[PDB]
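In: Pasting an experimental structure, sequence included:
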Amino acid sequence: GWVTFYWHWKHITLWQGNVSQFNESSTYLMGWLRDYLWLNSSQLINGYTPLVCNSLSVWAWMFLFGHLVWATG
Amino acid sequence: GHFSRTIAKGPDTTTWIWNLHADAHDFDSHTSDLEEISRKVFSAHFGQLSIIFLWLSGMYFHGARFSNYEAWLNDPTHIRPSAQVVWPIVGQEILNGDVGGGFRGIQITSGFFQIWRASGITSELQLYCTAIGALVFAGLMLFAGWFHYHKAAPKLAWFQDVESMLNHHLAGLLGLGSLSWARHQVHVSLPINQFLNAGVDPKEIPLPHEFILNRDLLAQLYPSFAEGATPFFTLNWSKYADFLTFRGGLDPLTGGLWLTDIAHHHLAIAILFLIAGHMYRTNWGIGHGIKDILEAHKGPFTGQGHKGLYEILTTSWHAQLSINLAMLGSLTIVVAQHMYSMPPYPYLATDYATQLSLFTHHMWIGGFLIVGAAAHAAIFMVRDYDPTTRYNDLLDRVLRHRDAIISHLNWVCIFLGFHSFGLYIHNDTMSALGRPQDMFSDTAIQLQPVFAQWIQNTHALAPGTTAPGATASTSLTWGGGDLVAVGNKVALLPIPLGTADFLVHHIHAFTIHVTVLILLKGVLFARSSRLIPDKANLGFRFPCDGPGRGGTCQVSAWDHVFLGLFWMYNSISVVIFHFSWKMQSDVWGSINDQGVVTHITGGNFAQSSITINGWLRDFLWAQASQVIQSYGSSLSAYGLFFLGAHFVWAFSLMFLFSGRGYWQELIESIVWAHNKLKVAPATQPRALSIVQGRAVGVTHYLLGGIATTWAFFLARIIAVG
Amino acid sequence: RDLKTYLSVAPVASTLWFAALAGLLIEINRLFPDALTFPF
Amino acid sequence: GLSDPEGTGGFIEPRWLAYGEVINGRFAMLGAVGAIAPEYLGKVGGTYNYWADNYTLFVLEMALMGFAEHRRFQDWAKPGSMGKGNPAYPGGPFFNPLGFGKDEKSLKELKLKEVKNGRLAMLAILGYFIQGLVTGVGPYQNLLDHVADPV
Amino acid sequence: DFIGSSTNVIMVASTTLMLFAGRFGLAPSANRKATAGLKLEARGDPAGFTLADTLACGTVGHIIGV
Amino acid sequence: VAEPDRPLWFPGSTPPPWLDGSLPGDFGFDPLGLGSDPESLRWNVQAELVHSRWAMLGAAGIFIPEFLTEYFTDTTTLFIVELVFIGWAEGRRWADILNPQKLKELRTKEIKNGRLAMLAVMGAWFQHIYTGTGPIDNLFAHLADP
Ligand code: CLA
Ligand code: CLA
Ligand code: CLA
Ligand code: CLA
Ligand code: CLA
Ligand SMILES: CCCCCCCCCCCCCCCC(=O)OC[C@H](COP(=O)(O)OC[C@@H](O)CO)OC(=O)CCCCCCCCCCCCCCC
């Protein structure tokens, strides 16, 4: 989990042409939860909205699905 | 173990240390002497009262020397209530923030500021005295316990006279207590606050004692006080109606209940508790034998009933403790839901930060105490239940059809769980597939809570019709077309109930029923079960009875409290969430010059709280932004505690998902490394007991979980409200 | 009077020790705050 | 049953506390007439101030009184005291010899009339209290005004 | 004040008097309504000169309200 | 050397088993017991002594202001030499602590006076603190009026 978090975040900051955000936010744990977890969830959790429905609706549903199986364990 | 000699004996393992604290207050395991126990707990209550008294002293003291209460008094609308100051060490001073009144401190949510204004307190001088008076009392209470255990300890016969104790407590404490406070109101609270609402300024207010001595100052307003003889002895009582009324509703300038009503309230409550105090039998004839009356109730269904109860509730503390904990907790819950709907303090409703934290605090305290009732009820079954000497018969039957009660309650939870959570999974699926018409919503197939909507409707049309003396409504959530707005903030407003409100109530029905199931199952099957016919001999707090019978883990009544403890968390945790979103979305907000009201989240509750994704996004993800962006500001601590709680929480899963057998074997390797270097302790290190690991687990789970929202909420409402 | 001493010699000892340790550390930080290095 | 004791006792139940009752039979007595003495010696011909602040006298009102009322207990607690000419051979309830000159005289009881003078002077001086308090005027004003307009 | 005063102060002292009548009972010595009213009713009755001025001010307060 | 006769501080009674009047100045005082161990007392004794001896001298500092109704290198050296000197002094006194019927009188009396200075030396300052005024004159200067 830590390995894949580290790989993904450093790359999505690179792909956006903004490695500066990673270099400063990765040094403290609030940065991880906010600039990585919170920040990239917006488009995901709006896969299906009380207004519309996107192509990311599958992933928004599976995202909640994964939470449900996890908590059931 | 200090309490017991064999227990004290000697330490050979570290388990001794953990046991020492675990059974520190277990008074009935140190002696079989009821009198000795009763003497112990009675003194313990004194020691308690001392601590809370000291607690109060510090609240008044800090309000005097370390607060901007005076500054807040002149400008309550946009001054932030702050007590306690932080010393400028290792970068701490950032927690001291702009709270107004030219003062640097941490914004508070206890609500003492609102309490103090209601009491008519005006100066730090007055707060300073009350702090000392509390300390003086704290010295008394502590001393009183020492005196009643080493000098003059009461007989068992003293404690057993429950009749005499009842009469006093609901009259001597309740009645006169309500009456005494009723006097302070109309003599001090009402006069002084009347000035405060006129913008007179605290220092320009005369001192409270000047209102009492000469009627002149108190009589110009509320002219019923003018008559020295008073119309009380004339028994007309109609004249008094100026200082006290049945107006109800809410003062549009202070946003709290009319003190004009609370005084009348206590006046009634007082004598109502004074009359009800004259019920039970004592010495001078007149009264009731509760033993007698209890015996009288019997039934075709109950056969003998209540016979023998008086014997049980006069020889078993755990029996009394369970009952008291069950309702004191239940009382704390209804307190939470009465103070939000009927704001009793000046500038309380306006202070959103205080209201959220008050409601949320009372919900947990109430929730915990109720769970504690389950424990001691189960402890009673294991330790004090003896049919030979104290048969009840009511208890019987219950034990007789116990497999019935649990089986039915088992079913209801499944019915409720499906018909609550399932609806959400329905909506989450219909919206994802692109069909909102299908969902359970106000816009689609709607499930209107017409029953709750009907009760509210009759409460609106109550004043004048079925309540002539009532000029206005009870609470403005039952108002209809009324709207109170103190400052630029909305104090209260009629709260609507839709399909989104139908679902969440059914979730509370659920969570409460399951919590009841787990706890009630542990109490009835505490002694015997088809699986374990002699569980009572294993005690109340035991880990198990081996892997036999397929596995008998957590068969103890202790473990049923353990499992029901998480569920009480799961329960409240969603009540407070319901409160937070609903109030922010459909109540709290700013009112303009035209009268247009904009709420904090803008009425997104009705169509977005019907989805799970909706709570995870529009509620959690949205309203978190405050806590996770609080670094470099005054709310820095909340951001850290938010992260700090997430840790003690995930730290609990370490204890909950594993067993001590692994750990003890790990210690073996570590003890070896010590023995190699002459650093092996004579007190051999042992892993936690099977039961302790569960106790350690749930505490950290509740702490990390509860604490984590605490930081959630307190960061949210402060930055927004 | 032997009794008071022992009393102060249990886990309380730990609190007194850690209070004394904390006081030392904080005071050190007062005289030398924001220390990211040992430069002497 | 307020009267019946049965105690060890922390003193609400046993014999003393009616002991004190016996002795406040005396300074509610000396206190009363000693308080009317300035009231009606001026009959012939509220902070209020005298000398310094009377809290200073207090320190010397609870000083000597200390050095005094202290010992008195000592006897009680245990017959002798022994520090000074001082003799106190009398019984703890009463010690007439040595501080009463030449008399010695107790049995009629008088003591029953001295406790009778006692708790009527209690209510006499308990008069003085609630009297001049809740009204706003002294004990002799309303009293004179009470035989003035009874009904 | 005057006579009028003494007439209300006597009926707020006779608001008392009417719950004397509940229970007054009588039947002394025959029939039994006294002994019956001294059996369970009353364990004395100036405890009900005292139960009088308590609930009586309430009965007037409620008889105006009822 | 035991007697029930010693002028107790509080008359009738005052007898702690540890105190007995064997020591000089034994007025039977110690509710707390602040020394019920002989190691406890033997130390307290020396402690209560040296103090007194010092307090006396301190008193001899109240003797000088009535004769008349502070260094060549203030503190610093003056202290180190003091530390270095009274050190060695007190040094040996320490090593000694751990390694005629007439004289009793002298020593009983010595303590009591000594007890006086401490209460004295104390008094002059908690009257001087918060209350900027010397005690020099106060004996008959404050005796003018309370
Ligand atoms: C005045 C000083 C004093 C002294 C010398 C004693 C001495 C004693 N007591 Mg008494 N006691 C006192 C005051 C005192 N007590 C007061 C004021 C109360 C009223 C609360 C009691 C109530 C009491 C009871 C019910 C009992 C004793 C017992 C005893 C005996 C055993 C000590 C013990 O219980 O174990 C442990 C010693 C402790 C100090 C335990 C700590 C408890 C304190 C109160 C904790 C303070 C609360 C703390 C601030 C909570 C916040 C913690 C936070 C930092 C996390 C011992 C002779 C026991 C006995 O007689 O043996 C059979 C016993 O049953 N005491
Ligand atoms: C999120 C995980 C999770 C879930 C779903 C549950 C669910 C449940 N718990 Mg549990 N619990 C959990 C975590 C969870 N718990 C944890 C972490 C603890 C530790 C404290 C506990 C401790 C606990 C105790 C002590 C008890 C329960 C009980 C129950 C049951 C209550 C009855 C009920 O509502 O039935 C309804 C079922 C649901 C609401 C689950 C979802 C149903 C789905 C949406 C519908 C079916 C889907 C579909 C038809 C499946 C077909 C697809 C096909 C391909 C297979 C319910 C099964 C109680 C019980 O036994 O019943 C009374 C009980 O005593 N729990
Ligand atoms: C009315 C109040 C009340 C009273 C007087 C008692 C009294 C008692 N309980 Mg009970 N209990 C209560 C409420 C109450 N309880 C409630 C509401 C619950 C539900 C949670 C329980 C659950 C419970 C269990 C499971 C047990 C008891 C037991 C007992 C008995 C002895 C246990 C003991 O000494 O404590 C020991 C104290 C400790 C071990 C301290 C533990 C550390 C605490 C929990 C941490 C708290 C965290 C803190 C608040 C915040 C963090 C601070 C930290 C970071 C510094 C004693 C008769 C035991 C018993 O066997 O009965 C005879 C028993 O096993 N209780
Ligand atoms: C966030 C939760 C969490 C945390 C912090 C840990 C931490 C640890 N685990 Mg664990 N584990 C967890 C969850 C967690 N686990 C879960 C969910 C499971 C599945 C059931 C496991 C299964 C597991 C196994 C099988 C093992 C561990 C082991 C360890 C230890 C590894 C040693 C180490 O790296 O650093 C050392 C310690 C830390 C990094 C954390 C210590 C906490 C702080 C830093 C201590 C400071 C205290 C501070 C002063 C606060 C004082 C509080 C105050 C009230 C006094 C470490 C203590 C292994 C072990 O025991 O190795 C020796 C090991 O065998 N874990
Ligand atoms: C039982 C013991 C006792 C005794 C013997 C006294 C005695 C006295 N008290 Mg005290 N008192 C007592 C207990 C006692 N008190 C207690 C317990 C209290 C607390 C409640 C008090 C509180 C108290 C107060 C507040 C005062 C007294 C005062 C007095 C004095 C009265 C002077 C006066 O103003 O009134 C009347 C006037 C006279 C008696 C003067 C008589 C003058 C005669 C008629 C001749 C006039 C001629 C003229 C002097 C010219 C000189 C010619 C010359 C040759 C005669 C008197 C000496 C007063 C005082 O202290 O005096 C300054 C006073 O103010 N007492
Ligand atoms: C559709 C809307 C209309 C509403 C009707 C249906 C909703 C109410 C549910 C009906 C329950 C019947 C109650 C009968 C009233 C009642 O309880 O009777 C009580 C009855 C009386 O016994 P006795 O006359 O002996 O009682 C006196 C002596 O026994 C005691 O001294 O005792 C029993 O029934 C014993 C068996 C327990 C019965 C268990 C059923 C429990 C139902 C559980 C549901 C609780 C719901 C609470 C919601 C707030």
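Out: Now that the structure is in, tell me what you want to look at. Residues are numbered from 1 along each chain as shown, chains lettered A, B, ... in the order given. Ligands and ions are numbered 1, 2, ... in the order given.

In: Going by C-alpha atoms from here, please, whenever you check contacts or count neighbours.
Out: Noted.

In: ok, how many other residues are close to residue B:125?
Out: 11 (other Cα atoms under 10 Å in any protein chain shown).

In: would you say it is within a strand?
Out: No. Per DSSP: H, G, I helix; E, B strand; the rest coil, residue B:125 lies outside any strand segment and is helix.

In: I'd like the distance between the closest residue to chain B within chain D and ligand 5.
Out: Here chain D gets closest to chain B at one residue, residue D:10, 5.3 Å apart by Cα to the nearest Cα. Separation of residue D:10 from ligand 5 (Cα to the nearest ligand atom, to the nearest Å): 31 Å.

In: part of a helix, is that residue?
Out: No. Under three-state DSSP, residue D:10 falls outside any helix and is assigned coil.

In: contacting residues for it?
Out: B:151-152 (Cα atoms under 8 Å, 6 or more residues apart in numbering or on different chains).

In: So what's the gap between stretch F:1-20 and the chain middle?
Out: How far stretch F:1-20 lies from its chain's middle: 21 Å, per Cα atoms, centre = their mean, to the nearest Å.

In: Neighbours of residue F:51, how many?
Out: Here the number of neighbours of residue F:51 (other Cα under 10 Å) works out to 16.

In: Distance of it relative to residue F:45?
Out: For residue F:51, the distance to residue F:45 (Cα to Cα, to the nearest Å) stands at 10 Å.

In: For the spatially most central residue of chain D, which residues are in contact?
Out: Nearest residue to the geometric centre of chain D (Cα atoms, centre = their mean): residue D:27, 1.8 Å. By Cα under 8 Å, 6+ apart, the contact set of residue D:27 is empty.

In: need the helices for chain D, in chain order.
Out: Secondary structure of chain D, counting by DSSP state H: helices at D:19-40, D:54-61, D:64-69, D:71-77, D:111-114, D:116-134, D:139-148.

In: neighbouring contacts of the fourth one?
Out: Applying Cα under 8 Å, 6+ apart, the set of residues contacting helix D:71-77 from outside is D:80-81, D:88, D:92-93, F:11-12.

In: With the third one instead?
Out: Contacts of helix D:64-69 from elsewhere in the structure, counted by Cα under 8 Å, 6+ apart, are absent.

In: List the buried residues for that helix?
Out: Neighbour counts over helix D:64-69 (16 or more other Cα atoms under 10 Å in any protein chain shown) mark no residue as buried.

In: Likewise for the last one?
Out: Residues of helix D:139-148 classed as buried under the neighbour-count rule (16+ other Cα under 10 Å) are D:139, D:142.

In: go on, the fifth one?
Out: Taking 16+ other Cα under 10 Å as the basis for neighbour counts, the residues of helix D:111-114 that come out buried are residue D:114.

In: repeat for the longest one
Out: Judged by neighbour count (16+ other Cα under 10 Å), helix D:19-40 contains these buried residues: D:22-26, D:28-29, D:32.

In: and whatever residue of chain A ends up closest to chain C, how many neighbours?
Out: Going by Cα to the nearest Cα, chain C is nearest to residue A:27 of chain A, at 16.1 Å. A total of 10 residues lie near residue A:27 under the criterion other Cα under 10 Å.

In: go on, the one 4 residues further on?
Out: By the other Cα under 10 Å criterion, the neighbourhood of residue A:31 contains 18 residues.

In: quick one: secondary structure of it?
Out: Residue A:31 ends up helix, using three-state DSSP.

In: Look up the closest residue to it, ignoring the ones flanking it.
Out: Distances taken as Cα to Cα, 6 or more residues apart in numbering or on different chains place residue A:25 nearest to residue A:31, at 4.5 Å, with adjacent residues excluded.

In: Could you do residue B:369 as well?
Out: Residue B:369's closest residue in space is residue B:329 (Cα to Cα, 6+ apart), at 4.7 Å.

In: related to what we said a few turns ago, can you give me the distance of the residue of chain A closest to chain C to residue B:288?
Out: Counting by Cα to Cα, the gap from residue A:27 to residue B:288 is 73 Å.

In: got the contact list for residue 12?
Out: Because you didn't say which chain, this covers chain A. For residue A:12, no contacting residues are found, by Cα under 8 Å, 6+ apart.

In: Not quite, go with chain F.
Out: Here residue F:12 is in contact with D:74, D:78, D:80-82 (criterion: Cα under 8 Å, 6+ apart).

In: Put the buried members of those into a ChimeraX selection.
Out: Buried residues within the contacts of residue F:12, by 16+ other Cα under 10 Å, are selected in ChimeraX with:
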select /D:74,80,81
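
In: Show me the two of the contacts of residue F:12 that sit farthest apart.
Out: Using Cα to Cα, the contacts of residue F:12 span at most 11.2 Å, a distance reached by D:78 and D:82.

In: Spell out the secondary structure type for the closest residue to residue B:224 other than its chain neighbours.
Out: Once flanking residues are discounted, residue B:224 sits nearest to residue B:240: 5.4 Å by Cα to Cα, 6+ apart. Look at residue B:240: counting by three-state DSSP, its state is helix.

In: And residue B:240, how close does it get to residue B:473?
Out: Distance, residue B:240 to residue B:473, using Cα to Cα: 22 Å.

In: So between the two, which is more surrounded?
Out: residue B:473 (22 against 16).

In: Can you report how many residues neighbour the closest residue to the more buried one other than its chain neighbours?
Out: In space, and not counting its chain neighbours, residue B:473 is closest to residue B:249: 5.2 Å by Cα to Cα, 6+ apart. Number of residues near residue B:249 (other Cα under 10 Å) recorded here: 25.

In: same thing with residue E:9?
Out: Using other Cα under 10 Å: residue E:9 sits among 15 other residues.

In: Please identify the helix or strand for it.
Out: Per DSSP states H and E, residue E:9 falls inside helix E:2-11.

In: So the longest helix along chain A, near ligand 4 or not?
Out: Secondary structure assigned by DSSP H gives helix A:57-72 as the longest helix of chain A. No. Helix A:57-72 is not in contact with ligand 4 by Cα under 6 Å from any ligand atom; minimum separation 12.7 Å.

In: how far is that helix from where the chain is centred?
Out: 14 Å.

In: For it, list every residue counted as buried.
Out: Using 16+ other Cα under 10 Å as the test for burial, helix A:57-72 gives A:57-61, A:64.

In: what do you get for stretch B:166-182?
Out: If you call a residue buried by 16+ other Cα under 10 Å, then stretch B:166-182 has these buried ones: B:166-168, B:170-172, B:174-179, B:181-182.

In: in a strand, that's where residue B:470 is, yeah?
Out: No. Under three-state DSSP, residue B:470 sits outside any strand and is assigned coil.

In: How about the contacts made by it?
Out: B:246-248, B:463-464.

In: Taking chain A, what residue is nearest to chain E?
Out: Residue nearest to chain E within chain A (Cα to the nearest Cα): residue A:50, separated by 54.3 Å.

In: Could you check how many residues crowd around that residue?
Out: Residue A:50 has 18 neighbours, counted by other Cα under 10 Å.

In: wait, doesn't it sit right on residue B:430?
Out: No. With contact defined as Cα atoms under 8 Å, residue A:50 and residue B:430 do not form a contacting pair (10.8 Å).

In: tell me which parts of the stretch 151-300 of chain B are close to ligand 6?
Out: Residues of the stretch 151-300 of chain B lying close to ligand 6 (Cα under 6 Å from any ligand atom) are B:297-300.

In: for those residues, which one is nearest chain D?
Out: Nearest to chain D out of those is residue B:297 (Cα to the nearest Cα; 31.0 Å).
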